[PDB]
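Only one structure is covered here, and it is reproduced in the block below.
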Amino acid sequence: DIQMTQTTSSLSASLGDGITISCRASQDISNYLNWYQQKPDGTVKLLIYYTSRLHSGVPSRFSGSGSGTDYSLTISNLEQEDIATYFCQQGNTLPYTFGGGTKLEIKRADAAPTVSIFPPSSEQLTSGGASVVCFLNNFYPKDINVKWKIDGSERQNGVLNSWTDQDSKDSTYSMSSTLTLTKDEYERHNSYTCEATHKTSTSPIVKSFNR
Amino acid sequence: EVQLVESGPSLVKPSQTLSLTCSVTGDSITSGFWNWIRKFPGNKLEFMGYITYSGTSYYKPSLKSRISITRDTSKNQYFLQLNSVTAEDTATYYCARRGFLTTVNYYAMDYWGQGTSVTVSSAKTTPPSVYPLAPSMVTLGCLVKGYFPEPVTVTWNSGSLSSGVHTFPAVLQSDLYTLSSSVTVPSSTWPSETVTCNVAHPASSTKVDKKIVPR
């Protein structure tokens, strides 16, 4: 089988920048190299075929070049809707094979999170569990450090954190942090605080309730 | 204008047969090439095979002992059968056309379906426990906890609230998935008007609504 290598698995660039994504085959594939875009919702579209030909309907900001083993896809000016993962595919020899993909993320101005906290629901507490949830929504850049404190001291475990993919409309991220305890453990303490540090402020983001 | 839909079970046990269907509308399978492609976790795409306009099939050699692709021209459907599955067959499964005139001779997949998830596991289904998260703009949430397998679908007010929504990716912990979803609305809309999260888990045949009530 033909091995296709996309050495760079992710790229971050500003709106307007030019970017290049590159693919190397294990053999001469005689220009039978196609490029696909998969948006974060999962829809896969053909962008370029036979190295450099644009598929019907694809904007002229996309181009491609290459020969032998080495191929490139280029976007002349990045736009907001280009947030996606891009894959190459050789069509020289069956079975068709694909590169590993390159995920493209788009810079935007730094943005402070909007923070919300939620105590355990009465329904969950009836069952014996107690999940406390903090949302940190619509922020940039993606790196954010979240810590939980219980009656003022850091609680490292029982915490599960999940980020959204970059939002294709505004380029922000959002994340959830859930602290899960038993009801019995939850009832031993009063103050629950989620504290996040992010480049948009020198103070932590602090959101707390008392049980 | 072509549309492609993958369908079939979301959870199958090891040793059993996976059986999927691609239903093609807006075009006819008696012209062009009709392909099956899957994507493993970690974005690894694999070309499994195809069936031609005259009904001849090609299979990736590593799948040839287990795979078959057949069709029903009268219903414009084609099928994937994969025998003797293991956890390595857990993937999203796509169907795709190679028919467009301009591209067919360059071996491009010119139109793809949305894909359908299949998990291969001996574990029973576990439905999600769905919990309401109540407190100018107010943020509300639903905690969708402890289900298996993926996927679930979360909506707000049956789809009518689509802006201001974040649905966080599911994470596997202690053999079960959990996710959460938030929705932000104007303060003058809640609680005066109701906000409900809807959670479907088709693998366990479950679909539930949880109204967010002020505490």
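We use all heavy atoms of the structure for the numbers below, so side chains are in, but hydrogens, waters and symmetry mates are not. Just so we're on the same page: letters track the sequence lines, and every chain starts at 1.
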side-chain contact (heavy atoms from CB on, under 4.5 Å) for B/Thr70 and B/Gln81? Distances and angles first, verdict last.
CA-CA 8 Å; B/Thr70 57; B/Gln81 177 176 100; over 6 Å; no
So for A/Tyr96, is it side chain, backbone, both, or neither that comes closer than 4.5 Å to the heavy atoms of chain B?
both
Identify which part of A/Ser162 has an atom lying under 4.5 Å from any heavy atom of chain B, answering side chain, backbone, both or neither.
both
Pair A/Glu105-A/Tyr173, side-chain hydrogen bond (donor to acceptor under 3.5 Å, both in side chains): steps then yes or no
CA-CA 11 Å; A/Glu105 289 171 295; A/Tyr173 293 90; 2.6 Å; yes
Honestly, the part of B/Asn105 sitting under 4.5 Å from a heavy atom of chain A is backbone
Do A/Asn137 and A/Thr114 get their side chains close enough for a donor-acceptor pair, meaning under 3.5 Å?
no
At a heavy-atom separation under 4.5 Å, does A/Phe87 approach chain B through its side chain, its backbone, both, or neither?
side chain
List the steps, then state whether side-chain hydrogen bond (donor to acceptor under 3.5 Å, both in side chains) holds for B/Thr90 with B/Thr119.
CA-CA 5 Å; B/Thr90 293; B/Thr119 300; 5.2 Å; no
Checking B/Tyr50 against chain A: side chain, backbone, both or neither under 4.5 Å from a heavy atom?
side chain
Contacting region of B/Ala134 [heavy-atom separation from chain A under 4.5 Å]:
backbone
Examine whether an atom of B/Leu140 lies under 4.5 Å from a heavy atom of chain A, and if so say whether it belongs to the side chain, the backbone or both; otherwise answer neither.
backbone
Please identify which of these residues, B/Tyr93, B/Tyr78, B/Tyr94, meets the ring pair (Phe, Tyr, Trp, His ring centres under 6.0 Å) condition with B/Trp36.
B/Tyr78
Between A/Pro120 and chain B, which part of the residue has a heavy atom less than 4.5 Å away: side chain, backbone, both or neither?
backbone
Taking the six-membered ring for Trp, are A/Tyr36 and A/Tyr86 ring centroids under 6.0 Å apart?
no
Could you tell me which portion of A/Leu160 (side chain, backbone, both or neither) has an atom closer than 4.5 angstrom to a non-hydrogen atom of chain B?
side chain
Side chain, backbone, both or neither: which part of A/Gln90 has a non-hydrogen atom closer than 4.5 Å to chain B?
neither
Between A/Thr102 and A/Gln6, do the side chains contain a donor N or O and an acceptor N or O under 3.5 Å apart?
yes
What part of A/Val44 is in contact with chain B, defined as an atom under 4.5 angstrom from a non-hydrogen atom: side chain, backbone, both or neither?
both
Salt-bridge test for A/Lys39 and A/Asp41: reply yes if a basic N is under 4.0 Å from a carboxylate O, no otherwise.
no
B/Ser117 and B/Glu150: side-chain donor and acceptor closer than 3.5 Å?
no
Return the option, out of B/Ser180, B/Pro132, B/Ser129, B/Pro135, with the maximum number of heavy-atom pairs under 4.5 Å with chain A.
B/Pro132
Between B/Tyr107 and A/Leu94, is there a donor-acceptor pair closer than 3.5 Å when you use the side chain of the first and the backbone of the second?
no
Sort B/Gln173 into side chain, backbone, both or neither according to what part of it lies under 4.5 angstrom from a heavy atom of chain A.
side chain
Given that the side chain runs from C-beta out, which part of B/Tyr58 has a heavy atom under 4.5 Å from chain A: side chain, backbone, both or neither?
side chain
Do B/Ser54 and B/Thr52 have a side chain donor and acceptor closer than 3.5 Å?
yes
Chain A contact via B/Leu133 - which portion, at a heavy-atom distance below 4.5 Å:
both
Answer with side chain, backbone, both or neither: which region of A/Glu123 has an atom nearer than 4.5 Å to a non-hydrogen atom of chain B?
both
Pairing donors with acceptors under 3.5 angstrom, does anything connect the side chains of A/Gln38 and B/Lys39?
yes
Going by atom types alone, do A/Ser26 and A/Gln3 pair a side-chain donor with an acceptor below 3.5 Å?
yes
Between B/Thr92 and chain A, which part of the residue has a heavy atom less than 4.5 Å away: side chain, backbone, both or neither?
neither
For chain B, which of A/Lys103, A/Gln89, A/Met175 has the most heavy-atom pairs under 4.5 Å?
A/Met175
Non-hydrogen atoms of chain B under 4.5 Å away: do they reach the side chain of A/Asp1, the backbone, both or neither?
side chain
Chain B contact via A/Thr180 - which portion, at a heavy-atom distance below 4.5 Å
side chain
Sort A/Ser116 into side chain, backbone, both or neither according to what part of it lies under 4.5 angstrom from a heavy atom of chain B.
side chain
In terms of heavy-atom pairs under 4.5 Å, which option from B/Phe100, B/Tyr111, B/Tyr59 contacts chain A the most?
B/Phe100
Options A/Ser131, A/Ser121, A/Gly91, ranked by heavy-atom pairs under 4.5 Å with chain B, top entry:
A/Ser121
Looking at B/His166 and B/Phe168, what are the two nearest heavy atoms and their distance?
O-CE1, 3.7 Å
With no hydrogens and no angle check, just 3.5 Å: does a side-chain donor-acceptor pair link A/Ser52 and A/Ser65?
no
Heavy-atom contact with chain A under 4.5 Å, split by part of B/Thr167:
backbone
Which one, A/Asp167, A/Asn138, A/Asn92, A/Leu33, leads in non-hydrogen pairs under 4.5 Å with chain B?
A/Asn138
